[PDB]
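The chain contents come next:
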Amino acid sequence: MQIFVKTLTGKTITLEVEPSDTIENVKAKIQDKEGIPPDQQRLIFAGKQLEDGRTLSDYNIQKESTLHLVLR
């Protein structure tokens with residue numbers, strides 16, 4: 001049910017979610033941690049690109065795998 005996210009800051013952040021983890025759902029959860037618009041933010045899972053708020057359970061998300069985002 002948990003989900004792991006890695007930041008270039010090395011700060012470990014944990015979200016309370018279900019495996020459906022819908023990005024509109026996860027993003028909004030992240031909006032609270034830090035301001036990030038879902039319609040503007042996209043994530044990646046095991047090389048797979050997560051969408052605008054598609055469901056993660058459908059993505060067969062695991063025990064809270066770590067998703068990492070990079071732009072450099």
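Residues numbered from 1 in each chain as written, not as in the entry; some residues may be left out. Heavy atoms only, no water.

Going by the header, the method for this PDB entry is solid-state NMR.

Moving on, we come to the nonpolar core. In this structure, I3, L50 and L56 are the most contacted members of the largest nonpolar core, which totals 16 residues. Elements represented by at least two residues in this core include exactly β1 (3–6), β2 (13–15) and α1 (23–33). Sort the elements by how many residues they give to this core and α1 lands first, with 3 residues. Once residues within four sequence positions are removed from consideration, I3 is found in contact with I13, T14, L15, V17, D21, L56, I61, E64, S65 and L67. (Core = buried A, V, L, I, M, F, W, Y, C linked by side-chain atoms within 4.5 Å. Buried < 20%, exposed > 50% of the residue type's maximum accessible area, 1.4 Å probe, protein only. Helix = DSSP H or I, 4+ residues; strand = E, 2+ residues; numbered from the N terminus. Contact = heavy atoms within 4.5 Å.)

One open sheet holds the 3 strands; their spatial order is β2-β1-β5, and the pairing between them is mixed. Each edge of the open sheet is held by one strand with a lone partner, namely β2 and β5 (66–68). Each strand of the sheet is rotated relative to its neighbour by a mean of 30 degrees, with strand direction disregarded. Two strands pair when backbone bridges link them, and β1 and β2 are joined in this way by 3 bridges, in the antiparallel orientation. For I3, the partnering residue across the bridge sits in β2 and is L15. (Pairing = 2+ DSSP bridges. Axes fitted to C-alpha atoms, helices over the stretch in contact; angles between N-to-C directions.)

Okay, α1 next. Inspection of α1 places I23, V26, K27 and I30 among the buried residues, and these make up the whole buried set. Relative to the axis of α1, the buried residues are bounded by an arc of 95 degrees and lie together on one face. Structurally, α1 contributes buried residues whose contacts are with β2. (Arc of directions from axis to C-beta.)

This part covers the pattern of salt bridges. Summed over the entire model, instances satisfying the criterion amount to 2 salt bridges. With its nearest N and O atoms 3.9 Å apart, the salt bridge here joins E51 to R54. Its relative accessible area of 41% is what places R54 among the partly exposed residues. We note a salt bridge from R54 to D52, for which the minimum N-O separation is 3.6 Å. Ionic contacts of the salt-bridge type, sharing partners, join the residues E51, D52 and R54 into one network. (Salt bridge = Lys/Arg side-chain N within 4 Å of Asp/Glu carboxyl O.)

So, about the side chain of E64. Note that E64 resides in the loop between β4 (48–49) and β5. Salt bridges are absent for the buried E64, whose nearest opposite-charge side chain, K63, sits at 5.2 Å. (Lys, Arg positive; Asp, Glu negative; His and termini not counted.)

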